[PDB]
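Enquirer: entry33.json is reproduced in full below (JSON, N, CA and C atoms).
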[["chain", "number", "residue", "atom", "x", "y", "z"],
["A", 1, "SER", "N", -26.29, 239.03, 16.64],
["A", 1, "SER", "CA", -25.99, 239.43, 15.28],
["A", 1, "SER", "C", -26.29, 238.27, 14.37],
["A", 2, "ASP", "N", -26.61, 238.54, 13.12],
["A", 2, "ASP", "CA", -26.90, 237.49, 12.17],
["A", 2, "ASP", "C", -25.64, 236.70, 11.89],
["A", 3, "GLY", "N", -25.56, 235.54, 12.47],
["A", 3, "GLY", "CA", -24.40, 234.72, 12.34],
["A", 3, "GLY", "C", -23.96, 234.23, 13.69],
["A", 4, "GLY", "N", -24.35, 234.95, 14.73],
["A", 4, "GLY", "CA", -23.99, 234.58, 16.07],
["A", 4, "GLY", "C", -23.66, 235.78, 16.92],
["A", 5, "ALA", "N", -22.73, 235.61, 17.82],
["A", 5, "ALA", "CA", -22.29, 236.66, 18.69],
["A", 5, "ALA", "C", -20.79, 236.81, 18.57],
["A", 6, "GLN", "N", -20.36, 237.76, 17.78],
["A", 6, "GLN", "CA", -18.95, 237.98, 17.55],
["A", 6, "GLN", "C", -18.40, 238.90, 18.60],
["A", 7, "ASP", "N", -19.14, 239.94, 18.87],
["A", 7, "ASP", "CA", -18.75, 240.93, 19.82],
["A", 7, "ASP", "C", -18.96, 240.41, 21.20],
["A", 8, "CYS", "N", -18.05, 240.72, 22.08],
["A", 8, "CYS", "CA", -18.11, 240.23, 23.43],
["A", 8, "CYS", "C", -19.23, 240.88, 24.20],
["A", 9, "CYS", "N", -19.99, 240.04, 24.88],
["A", 9, "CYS", "CA", -21.14, 240.44, 25.67],
["A", 9, "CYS", "C", -22.27, 240.94, 24.75],
["A", 10, "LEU", "N", -23.30, 240.11, 24.62],
["A", 10, "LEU", "CA", -24.41, 240.37, 23.70],
["A", 10, "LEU", "C", -25.43, 241.38, 24.24],
["A", 11, "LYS", "N", -25.62, 241.39, 25.52],
["A", 11, "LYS", "CA", -26.55, 242.24, 26.14],
["A", 11, "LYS", "C", -25.99, 242.58, 27.49],
["A", 12, "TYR", "N", -26.45, 243.63, 28.09],
["A", 12, "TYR", "CA", -26.07, 243.94, 29.44],
["A", 12, "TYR", "C", -27.27, 243.92, 30.33],
["A", 13, "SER", "N", -27.03, 243.75, 31.60],
["A", 13, "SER", "CA", -28.07, 243.62, 32.57],
["A", 13, "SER", "C", -28.90, 244.91, 32.74],
["A", 14, "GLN", "N", -30.06, 244.94, 32.11],
["A", 14, "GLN", "CA", -30.99, 246.03, 32.27],
["A", 14, "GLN", "C", -31.95, 245.69, 33.40],
["A", 15, "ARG", "N", -32.10, 244.41, 33.62],
["A", 15, "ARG", "CA", -32.88, 243.89, 34.69],
["A", 15, "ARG", "C", -31.98, 243.11, 35.60],
["A", 16, "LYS", "N", -32.37, 243.01, 36.83],
["A", 16, "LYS", "CA", -31.59, 242.30, 37.81],
["A", 16, "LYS", "C", -32.06, 240.87, 37.83],
["A", 17, "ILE", "N", -31.18, 239.98, 37.49],
["A", 17, "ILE", "CA", -31.53, 238.59, 37.37],
["A", 17, "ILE", "C", -30.83, 237.79, 38.47],
["A", 18, "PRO", "N", -31.60, 237.33, 39.47],
["A", 18, "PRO", "CA", -31.07, 236.58, 40.61],
["A", 18, "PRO", "C", -30.60, 235.16, 40.24],
["A", 19, "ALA", "N", -29.66, 234.63, 41.03],
["A", 19, "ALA", "CA", -29.14, 233.25, 40.85],
["A", 19, "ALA", "C", -30.20, 232.20, 41.16],
["A", 20, "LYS", "N", -31.32, 232.65, 41.66],
["A", 20, "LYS", "CA", -32.45, 231.79, 41.95],
["A", 20, "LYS", "C", -33.14, 231.35, 40.67],
["A", 21, "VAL", "N", -33.19, 232.26, 39.73],
["A", 21, "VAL", "CA", -33.92, 232.03, 38.49],
["A", 21, "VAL", "C", -33.01, 231.56, 37.35],
["A", 22, "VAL", "N", -31.73, 231.57, 37.58],
["A", 22, "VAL", "CA", -30.78, 231.06, 36.63],
["A", 22, "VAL", "C", -30.13, 229.84, 37.24],
["A", 23, "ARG", "N", -29.65, 228.96, 36.42],
["A", 23, "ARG", "CA", -29.06, 227.77, 36.91],
["A", 23, "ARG", "C", -27.55, 227.88, 36.91],
["A", 24, "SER", "N", -27.02, 228.36, 35.83],
["A", 24, "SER", "CA", -25.61, 228.46, 35.68],
["A", 24, "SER", "C", -25.26, 229.65, 34.81],
["A", 25, "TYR", "N", -24.00, 229.97, 34.75],
["A", 25, "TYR", "CA", -23.54, 231.04, 33.92],
["A", 25, "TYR", "C", -22.58, 230.49, 32.90],
["A", 26, "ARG", "N", -22.18, 231.31, 31.99],
["A", 26, "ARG", "CA", -21.30, 230.89, 30.94],
["A", 26, "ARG", "C", -20.21, 231.91, 30.85],
["A", 27, "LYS", "N", -18.99, 231.45, 30.89],
["A", 27, "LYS", "CA", -17.86, 232.31, 30.87],
["A", 27, "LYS", "C", -17.40, 232.68, 29.48],
["A", 28, "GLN", "N", -17.00, 233.90, 29.34],
["A", 28, "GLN", "CA", -16.50, 234.41, 28.10],
["A", 28, "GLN", "C", -15.00, 234.40, 28.13],
["A", 29, "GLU", "N", -14.40, 233.80, 27.12],
["A", 29, "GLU", "CA", -12.95, 233.65, 27.03],
["A", 29, "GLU", "C", -12.32, 235.08, 26.90],
["A", 30, "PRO", "N", -11.59, 235.55, 27.95],
["A", 30, "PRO", "CA", -11.03, 236.91, 27.99],
["A", 30, "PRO", "C", -9.64, 237.08, 27.36],
["A", 31, "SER", "N", -9.17, 236.11, 26.66],
["A", 31, "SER", "CA", -7.85, 236.22, 26.09],
["A", 31, "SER", "C", -7.93, 236.55, 24.60],
["A", 32, "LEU", "N", -8.73, 235.79, 23.88],
["A", 32, "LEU", "CA", -8.90, 235.99, 22.45],
["A", 32, "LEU", "C", -10.03, 236.95, 22.15],
["A", 33, "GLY", "N", -11.04, 236.93, 22.99],
["A", 33, "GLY", "CA", -12.19, 237.78, 22.78],
["A", 33, "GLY", "C", -11.96, 239.19, 23.24],
["A", 34, "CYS", "N", -12.16, 239.42, 24.50],
["A", 34, "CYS", "CA", -12.00, 240.73, 25.08],
["A", 34, "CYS", "C", -11.32, 240.61, 26.40],
["A", 35, "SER", "N", -10.58, 241.63, 26.79],
["A", 35, "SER", "CA", -9.76, 241.61, 27.99],
["A", 35, "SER", "C", -10.60, 241.46, 29.27],
["A", 36, "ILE", "N", -11.85, 241.83, 29.20],
["A", 36, "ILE", "CA", -12.72, 241.72, 30.33],
["A", 36, "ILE", "C", -13.71, 240.58, 30.13],
["A", 37, "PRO", "N", -13.72, 239.62, 31.09],
["A", 37, "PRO", "CA", -14.63, 238.48, 31.06],
["A", 37, "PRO", "C", -16.08, 238.91, 31.17],
["A", 38, "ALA", "N", -16.96, 238.03, 30.81],
["A", 38, "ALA", "CA", -18.36, 238.33, 30.83],
["A", 38, "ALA", "C", -19.11, 237.18, 31.44],
["A", 39, "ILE", "N", -20.19, 237.50, 32.09],
["A", 39, "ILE", "CA", -21.02, 236.52, 32.72],
["A", 39, "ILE", "C", -22.32, 236.40, 31.98],
["A", 40, "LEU", "N", -22.50, 235.28, 31.39],
["A", 40, "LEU", "CA", -23.68, 234.95, 30.65],
["A", 40, "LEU", "C", -24.67, 234.25, 31.57],
["A", 41, "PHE", "N", -25.87, 234.74, 31.61],
["A", 41, "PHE", "CA", -26.91, 234.19, 32.43],
["A", 41, "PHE", "C", -27.76, 233.21, 31.64],
["A", 42, "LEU", "N", -27.76, 231.97, 32.09],
["A", 42, "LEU", "CA", -28.62, 230.95, 31.53],
["A", 42, "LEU", "C", -29.78, 230.72, 32.49],
["A", 43, "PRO", "N", -30.95, 231.28, 32.18],
["A", 43, "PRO", "CA", -32.11, 231.18, 33.03],
["A", 43, "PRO", "C", -32.76, 229.81, 32.96],
["A", 44, "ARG", "N", -33.65, 229.56, 33.89],
["A", 44, "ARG", "CA", -34.41, 228.36, 33.92],
["A", 44, "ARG", "C", -35.38, 228.38, 32.74],
["A", 45, "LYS", "N", -35.86, 229.56, 32.43],
["A", 45, "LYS", "CA", -36.67, 229.79, 31.31],
["A", 45, "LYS", "C", -35.78, 229.76, 30.05],
["A", 46, "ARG", "N", -36.33, 229.35, 28.94],
["A", 46, "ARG", "CA", -35.53, 229.26, 27.71],
["A", 46, "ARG", "C", -36.14, 230.09, 26.60],
["A", 47, "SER", "N", -36.84, 231.13, 26.99],
["A", 47, "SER", "CA", -37.49, 232.02, 26.05],
["A", 47, "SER", "C", -36.45, 232.95, 25.41],
["A", 48, "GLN", "N", -35.41, 233.25, 26.15],
["A", 48, "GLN", "CA", -34.34, 234.09, 25.69],
["A", 48, "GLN", "C", -33.06, 233.29, 25.65],
["A", 49, "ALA", "N", -32.02, 233.87, 25.10],
["A", 49, "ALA", "CA", -30.73, 233.22, 25.00],
["A", 49, "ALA", "C", -29.91, 233.51, 26.25],
["A", 50, "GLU", "N", -28.64, 233.21, 26.20],
["A", 50, "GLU", "CA", -27.73, 233.52, 27.28],
["A", 50, "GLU", "C", -27.55, 235.04, 27.40],
["A", 51, "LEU", "N", -27.97, 235.62, 28.50],
["A", 51, "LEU", "CA", -27.86, 237.06, 28.65],
["A", 51, "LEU", "C", -26.60, 237.44, 29.36],
["A", 52, "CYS", "N", -25.79, 238.22, 28.73],
["A", 52, "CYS", "CA", -24.59, 238.70, 29.35],
["A", 52, "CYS", "C", -24.92, 239.77, 30.40],
["A", 53, "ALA", "N", -24.12, 239.82, 31.43],
["A", 53, "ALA", "CA", -24.25, 240.76, 32.48],
["A", 53, "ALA", "C", -22.88, 241.34, 32.78],
["A", 54, "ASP", "N", -22.85, 242.49, 33.44],
["A", 54, "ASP", "CA", -21.58, 243.09, 33.81],
["A", 54, "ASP", "C", -21.13, 242.49, 35.13],
["A", 55, "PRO", "N", -20.05, 241.72, 35.12],
["A", 55, "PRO", "CA", -19.62, 240.97, 36.30],
["A", 55, "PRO", "C", -18.97, 241.80, 37.40],
["A", 56, "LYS", "N", -18.74, 243.05, 37.13],
["A", 56, "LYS", "CA", -18.20, 243.95, 38.14],
["A", 56, "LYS", "C", -19.26, 244.35, 39.15],
["A", 57, "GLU", "N", -20.51, 244.15, 38.80],
["A", 57, "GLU", "CA", -21.59, 244.36, 39.74],
["A", 57, "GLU", "C", -21.49, 243.33, 40.83],
["A", 58, "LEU", "N", -21.79, 243.74, 42.03],
["A", 58, "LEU", "CA", -21.67, 242.89, 43.18],
["A", 58, "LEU", "C", -22.59, 241.70, 43.07],
["A", 59, "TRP", "N", -23.82, 241.94, 42.67],
["A", 59, "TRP", "CA", -24.80, 240.88, 42.57],
["A", 59, "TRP", "C", -24.37, 239.79, 41.58],
["A", 60, "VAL", "N", -23.79, 240.19, 40.45],
["A", 60, "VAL", "CA", -23.29, 239.23, 39.45],
["A", 60, "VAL", "C", -22.14, 238.41, 40.05],
["A", 61, "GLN", "N", -21.27, 239.10, 40.75],
["A", 61, "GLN", "CA", -20.15, 238.52, 41.43],
["A", 61, "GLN", "C", -20.63, 237.50, 42.48],
["A", 62, "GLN", "N", -21.72, 237.83, 43.17],
["A", 62, "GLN", "CA", -22.31, 236.95, 44.16],
["A", 62, "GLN", "C", -22.90, 235.71, 43.49],
["A", 63, "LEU", "N", -23.57, 235.92, 42.34],
["A", 63, "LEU", "CA", -24.22, 234.83, 41.62],
["A", 63, "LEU", "C", -23.21, 233.77, 41.23],
["A", 64, "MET", "N", -22.01, 234.22, 40.84],
["A", 64, "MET", "CA", -20.90, 233.35, 40.44],
["A", 64, "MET", "C", -20.66, 232.24, 41.46],
["A", 65, "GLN", "N", -20.77, 232.57, 42.74],
["A", 65, "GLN", "CA", -20.51, 231.60, 43.78],
["A", 65, "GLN", "C", -21.62, 230.56, 43.87],
["A", 66, "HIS", "N", -22.86, 230.99, 43.72],
["A", 66, "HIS", "CA", -24.00, 230.07, 43.78],
["A", 66, "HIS", "C", -24.06, 229.20, 42.54],
["A", 67, "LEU", "N", -23.81, 229.82, 41.42],
["A", 67, "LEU", "CA", -23.99, 229.19, 40.13],
["A", 67, "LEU", "C", -22.89, 228.23, 39.79],
["A", 68, "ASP", "N", -21.73, 228.49, 40.31],
["A", 68, "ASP", "CA", -20.61, 227.58, 40.09],
["A", 68, "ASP", "C", -20.86, 226.28, 40.84],
["A", 69, "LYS", "N", -21.69, 226.36, 41.87],
["A", 69, "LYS", "CA", -22.02, 225.22, 42.68],
["A", 69, "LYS", "C", -23.10, 224.41, 41.99],
["A", 70, "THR", "N", -22.74, 223.22, 41.61],
["A", 70, "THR", "CA", -23.63, 222.35, 40.92],
["A", 70, "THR", "C", -23.82, 221.07, 41.74]]
Would you write the structure of this file as structure tokens?

Expert:
Amino acid sequence: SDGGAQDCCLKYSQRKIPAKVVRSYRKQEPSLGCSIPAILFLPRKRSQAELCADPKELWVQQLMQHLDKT
């Protein structure tokens, strides 16, 4: 949105983005923002911004474990 991202989760996973091509994720504060946390995908590529994904998906949940590992 013009000004930033006010609404929780800017985009949803229309494509499947593996933890191989992303380095880390970004957590969405679920207390002040929205009751459900969000997983932001920060890819190795920087052509796009942080893409939010639905973390209830198994693959996103799996990525969390790889991506948290630095």

Enquirer: Give the answer as one residue: which of A:29, A:11, A:38, A:3 has the shortest atom-to-atom distance to residue A:57, using only C-alpha atoms?

Expert: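 Of all the options, A:38 lies closest to residue A:57.
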
Enquirer: For each of A:24, A:1, A:6, A:62, take the minimum atom-to-atom distance to residue A:43, counting all atoms listed in the file, then give the residue where this is smallest.

Expert: A:24

Enquirer: Write out as a PyMOL selection string the set of residues from chain A that DSSP, computed on the backbone, places in helix (DSSP H, G or I).

Expert: chain A and resi 58-67

Enquirer: Which of these, A:28, A:65, A:70, A:14, has the shortest distance to residue A:40 once you count only C-alpha atoms?

Expert: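 Smallest distance to residue A:40 is found for A:28.
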
Enquirer: Grab the atom N of residue A:13 to atom C of residue A:52 distance for me, in Å with one decimal place.

Expert: 4.7 Å

Enquirer: Select, from A:27, A:20, A:69, A:15, the residue with the minimum atom-to-atom distance to residue A:55, counting only C-alpha atoms.

Expert: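 Closest candidate: A:27.
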
Enquirer: For a quick check of your reading of the model, name the residues lying within 7 Å of the coordinate (-27.0, 235.0, 32.3), counting only C-alpha atoms, and write them as a PyMOL selection string.

Expert: chain A and resi 22+25+39-43+50-53

Enquirer: Considering only N, CA and C atoms, state which residue in the set A:5, A:32, A:10, A:17 is at the smallest distance from residue A:60.

Expert: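 Closest to residue A:60 of all the choices is A:17.
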
Enquirer: Between A:8, A:44, A:34, A:19, single out the one closest to residue A:66, counting only C-alpha atoms.

Expert: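 Closest to residue A:66, using only C-alpha atoms: A:19.
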
Enquirer: Interatomic distance between atom CA of residue A:49 and atom CA of residue A:61?

Expert: 20.2 Å

Enquirer: Name the residues of chain A that fall into strand (DSSP E or B) according to DSSP on the backbone, using the chain letters and numbers of this document, as a VMD selection string.

Expert: chain A and resid 22 to 27 39 to 43 51 to 53

Enquirer: How many Å separate atom N of residue A:23 from atom N of residue A:67?

Expert: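 Taking atom N of residue A:23 and atom N of residue A:67, their separation equals 7.7 Å.
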